[PDB]
Amino acid sequence: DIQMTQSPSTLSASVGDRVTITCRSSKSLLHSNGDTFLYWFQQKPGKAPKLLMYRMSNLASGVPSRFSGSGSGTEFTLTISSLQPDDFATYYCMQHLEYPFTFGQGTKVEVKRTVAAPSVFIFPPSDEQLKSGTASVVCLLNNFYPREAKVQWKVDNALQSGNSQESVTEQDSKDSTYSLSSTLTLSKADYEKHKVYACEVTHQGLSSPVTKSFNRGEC
Amino acid sequence: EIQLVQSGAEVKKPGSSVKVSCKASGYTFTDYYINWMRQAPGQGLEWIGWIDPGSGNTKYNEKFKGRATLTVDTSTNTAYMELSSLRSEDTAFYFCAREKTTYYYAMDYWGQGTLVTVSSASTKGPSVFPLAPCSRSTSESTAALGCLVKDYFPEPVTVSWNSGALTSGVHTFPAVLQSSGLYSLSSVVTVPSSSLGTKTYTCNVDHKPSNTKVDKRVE
């Protein structure tokens, strides 16, 4: 069983740059016939993988000439000379030398832009929802960059964990930022027995982690 | 015109079995091998196994042996992939790809994909809740508000604002699967706080599977 690892996991680049993706195999993918049994695939969200490179360096039919590949033995690399807007996707490398075939973690090529701290907002559960047994608190992280962000929920200044779910929008096609939605879920009973509900956002654009909150019965 | 067409999406109960098809055309079916991969929601690709159309000879991944069963029907040029005793973890997209092998190896043509949602839930319209701050503040320049579309099945729901009159600044997050087996997402919009009162903001949620159409006026 051969292990394929890709680095980095995410890569920020701008249109016109020369991007290189690296793939690494636990053992040499060189075959007796002299060929290297490696595939390079491109995949856009909600779409099926497209073949780019067959046998490490061979450009697939139809694939644009800005794509090229190389590597020796265990370290391989895909290169996009002059990145086009159509090149923002996820690239996976695969080995077809031994069984079972194995892919890499994949590497996402996103649009590089300037840092931007997230505008935070915290919404308390509506009256209607409390009138139904459950209560869910929402924290919004609007337009920020880079994607990396930590949302820490605190109920009556007590850290929560395992009772919230995040969701992130795909990179914006105009300002290249991201937005995140953390949803803390509690029972009406649990909500009713606590006052202060906070949302602590830790981000690079913020020198110090911002904490938006609200006191239970004050709206 | 070479192409591999897969069967439609399917919703299955845990413990049941699904059998996806991959119809081949535009080339000699028996000359190329058929591989089957799968890709979970937030994950990379993974190889299931392959099969030689010209003989029915197969090769499986240890993790899918017994569970997965690959077959072909040369009289119809159709490849099949049957997964038994389905669990929630089997929920993913299933791809079939051919592997040209005449003068070299290349997994060039892929099928469109077949989503297999392994759920125990049943069609349920969502409950739309208003997302608004505890108290309207004039301190900030822009204010944020939205709609929480909770507990629904299956996907998807289409949220809009003011019947399409408000599009800029809107952010509809991707649905998240709750432990209940029901989906839940939130749509938000940032607007000039210096118009929060004389201007009405309403989200129009639509869930076709349950024929539910909801408009919720937010603060």
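Here is what the cut-offs are and how they apply
- Residues numbered from 1 in each chain as written, not as in the entry; some residues may be left out.
- Chains lettered and ligands numbered in written order.
- Heavy atoms only, no water.
- Domains from an automatic or database assignment.
- Polar contact = N/O pair within 3.5 Å; in protein donor to acceptor, adjacent residues only side chain to side chain.
- Nonpolar A, V, L, I, M, F, W, Y, C, P; charged D, E, K, R; others polar.
- Pairing = 2+ DSSP bridges.
- Helix = DSSP H or I, 4+ residues; strand = E, 2+ residues; numbered from the N terminus.
- Axes fitted to C-alpha atoms, helices over the stretch in contact; angles between N-to-C directions.
- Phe/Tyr/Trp six-rings, centres within 6.5 Å; stacked < 30°, edge-to-face > 60°.
- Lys NZ or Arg CZ within 6 Å of the ring centre and 35° of its normal.
- Contact = heavy atoms within 4.5 Å.
- Buried area = accessible area lost by both parts, 1.4 Å probe.
- Salt bridge = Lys/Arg side-chain N within 4 Å of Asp/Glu carboxyl O.

Header annotation of the entry names X-ray crystallography as the structure determination method and lists the resolution as 2.80 Å.

This brings us to the domain arrangement of chain B. Residues and elements named next belong to chain B. Considered domain by domain, chain B is made up of domain 1 (1-120) and domain 2 (121-219). With centres defined by C-alpha atoms, the gap from domain 1 to domain 2 works out at 38 Å. Where domain 1 touches domain 2, the interface holds one residue pair in polar contact. Residues belonging to the side of domain 1 that touches domain 2 are distributed by class as follows: one nonpolar, three polar and one charged.

Further remarks concern the sheet that holds strand β18 (residues 210-215) of chain A. All names here are of chain A. Read across the sheet, three strands follow the order β14-β17-β18 without closing on themselves; strand pairing throughout is antiparallel. The sheet terminates laterally at β14 (150-155) and β18, the two strands that pair on one side only. Averaged over all neighbouring strand pairs, the angle between strand axes comes to 15 degrees, with direction disregarded. Pairing geometry for β14 and strand β17 (residues 196-202), over six bridges, is antiparallel. Paired with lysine 154 across the strands is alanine 198, a residue of β17.

Attention now moves to the packing of aromatic side chains. According to the stated counting rule, one finds 19 aromatic pairs over all chains in the structure shown. Taken together through their ring pairs, the aromatic side chains of A:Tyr39, A:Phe41, A:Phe103, B:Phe93, B:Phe95 and B:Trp110 make up a single cluster. Across from the ring centre of A:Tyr191, 5.8 Å away, lies the NZ or CZ of A:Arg216, which sits over that ring. The side chain of B:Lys19 reaches across the aromatic face of B:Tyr80, ending 4.7 Å from its centre.

Each partner contributes to the interface: chain A provides 39 residues, whereas chain B provides 45 residues. Both sides of the chain A and chain B interface together cover about 3,600 Å² of buried area, and 67% of this is carbon and sulfur. The largest share of the area that chain A buries against chain B comes from A:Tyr99, A:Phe103 and A:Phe123, three residues that together contribute 15% of it. Between chain A and chain B we count one salt bridge in total. In this assembly, chain A and chain B are joined by ten residue pairs in polar contact. Listed by contribution, the elements that provide at least two residues to the side of chain A that touches chain B are β4 (38-43), β5 (50-54), β9 (90-95), β12 (119-123), α1 (127-130), β13 (134-144) and β16 (178-187) of chain A. If one sorts the elements of the side of chain A that touches chain B by residue count, β13(A) sits on top with six residues.

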